[PDB]
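Each chain, letter by letter, is given below.
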Amino acid sequence: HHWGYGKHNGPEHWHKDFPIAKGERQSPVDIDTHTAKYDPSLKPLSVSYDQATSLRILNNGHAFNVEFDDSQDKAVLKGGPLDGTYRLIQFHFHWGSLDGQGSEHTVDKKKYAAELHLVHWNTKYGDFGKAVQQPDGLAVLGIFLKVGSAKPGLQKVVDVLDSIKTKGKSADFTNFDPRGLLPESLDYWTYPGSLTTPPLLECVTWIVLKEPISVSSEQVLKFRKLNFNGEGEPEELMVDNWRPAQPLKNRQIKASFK
Ligand SMILES: NS(=O)(=O)c1ccc(C(=O)NCc2c(F)cccc2F)cc1
Ligand SMILES: [Hg+2]
Ligand SMILES: [Zn+2]
């Protein structure tokens, strides 16, 4: 049936319907800090989210996405290893059933409690659908979440989760500022990869921030109360919706710092 994160339809089965799962540039990967190459020609990241217009938050059965209006250059990502402008279309998280797991990428094999993905698409391609048919169509900003103190900027997201408990449910979510989810430093690692969920298209330039943000135990607890199932079906808690790290193969992870 449809792919999932369970025993019978999880990551290890995806290859059957999406053969690209065993490709050459799959994500996520483990970031070996001692092997990453400091590249002094990498420009600083430019995050312009001052004009961001959030619209809706939705539970799609795999995670919850906060969608933005990408009809024009309102919230964009430029600089870093990117060429051209990339528009923010949505952000979502991957998290675990326990605090010691949840992130997709790992640093020196270390797993974080969750990982935030800010999905952007290259404006040169006209629309998101075209962008996903190109090796440089997407840019995803990956941010790690570690359990500690509450992140004020995340609370609005946490408060609306009750409204979208089950698959298919959505709630209007305007005036949310994504800048409140950013760590203080924009230092990062970057490597060419893919979507971490089917169809696993290899169209992504991954930019993983070095500094993680802190969220309270109660904040991530609320993520865990979401459901994979739709209303009226047997309850399956939405936890551990992350894909294990893939082989790096012939790729180099570059760092923007030393
Ligand atoms: N975890 S992650 O790598 O950042 C990521 C980001 C975006 C998407 C997505 O937009 N799905 C849409 C989509 C389809 F549903 C079908 C075909 C192409 C797509 F882009 C999936 C995974
Ligand atoms: Hg592609
Ligand atoms: Zn993701």
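Residues numbered from 1 in each chain as written, not as in the entry; some residues may be left out. Chains lettered and ligands numbered in written order. Heavy atoms only, no water.

- Per the deposited record, determination of this structure is attributed to X-ray crystallography, with the resolution reported as 1.94 Å.

## Here we look at the UniProt feature "domain: Alpha-carbonic anhydrase" in the protein
Then, in step 1: Per the UniProt record, "domain: Alpha-carbonic anhydrase" is found at residues 1-257.
Then, in step 2: Helix makes up 7% of residues 1-257 and strand 29%, whereas the separation of the span's terminal C-alpha atoms amounts to 44 Å. (UniProt positions renumbered as here; feature names shortened; annotations may be inferred. Helix = DSSP H or I, 4+ residues; strand = E, 2+ residues; numbered from the N terminus.)

## Some points on the side chain of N229
Then, in step 1: Counting through the fold element by element, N229 comes out in the loop between α3 (217-223) and β15 (254-255).
Then, in step 2: At 3.4 Å, the side chain of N229 forms a polar contact with the backbone oxygen of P234.
Then, in step 3: The residues touching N229, leaving out its near neighbours within four places in the chain, are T166, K167, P234, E235 and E236. (Polar contact = N/O pair within 3.5 Å; in protein donor to acceptor, adjacent residues only side chain to side chain. Contact = heavy atoms within 4.5 Å.)

## Some words on the coordination of the zinc ion (ligand 3)
Then, in step 1: Those protein atoms acting as donors to the zinc ion (ligand 3) are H92 (NE2), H94 (NE2) and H117 (ND1), and they sit at 1.8 to 2.0 Å.
Then, in step 2: Geometry at the zinc ion (ligand 3) is tetrahedral, judged from its four donor atoms and the angles of 89 to 119° they form at the metal.
Then, in step 3: We note that the donor set of the zinc ion (ligand 3) lies within a single chain, spaced as H-x1-H-x22-H. One end of the pair, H92, is in strand β7 (residues 86-95); the other, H117, is in strand β9 (residues 114-122), and 25 residues separate them in sequence.
Then, in step 4: Taking relative accessible area as the criterion, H92 reaches 12% and is therefore assigned buried. (Donors = N, O, S within 2.8 Å, 3.2 Å for Na, K, Ca; no water. Tetrahedral: all angles 85-135°; square planar, octahedral: opposite > 155°, others 65-115°. Buried < 20%, exposed > 50% of the residue type's maximum accessible area, 1.4 Å probe, protein only.)

## Description of the packing of aromatic side chains
Then, in step 1: Throughout the structure, instances matching the rule amount to 15 aromatic pairs.
Then, in step 2: Seen from their ring centres, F64 and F223 are 5.3 Å apart, and the 80° between their planes marks the pair as edge-to-face. You can see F64 sitting in strand β5 (residues 64-68) and its partner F223 sitting in helix α3, a full 159 residues away along the chain. With respect to burial, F64 and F223 carry one shared label: buried.
Then, in step 3: Each ring, one from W189 and one from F257, has its centre 5.7 Å from the other, and the planes form 65°; the classification is edge-to-face. Taken together, the residues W189 in strand β12 (residues 188-193) and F257 in the segment after β15 connect sequence positions 68 residues apart. (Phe/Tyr/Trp six-rings, centres within 6.5 Å; stacked < 30°, edge-to-face > 60°.)

## Remarks on the nonpolar core
Then, in step 1: In this structure, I57, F64, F91, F93, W95 and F223 are the most contacted members of the largest nonpolar core, which totals 50 residues.
Then, in step 2: Counting residues per element, this core draws most heavily on β7, which supplies five residues.
Then, in step 3: Apart from residues no more than four positions distant in its own chain, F64 is found in contact with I57, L58, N59, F91, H92, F93, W95, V157, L161, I164, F223 and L226.
Then, in step 4: Counting residues in hydrophobic clusters, the runner-up holds 22 residues, among them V132, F144, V208 and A255. (Core = buried A, V, L, I, M, F, W, Y, C linked by side-chain atoms within 4.5 Å.)

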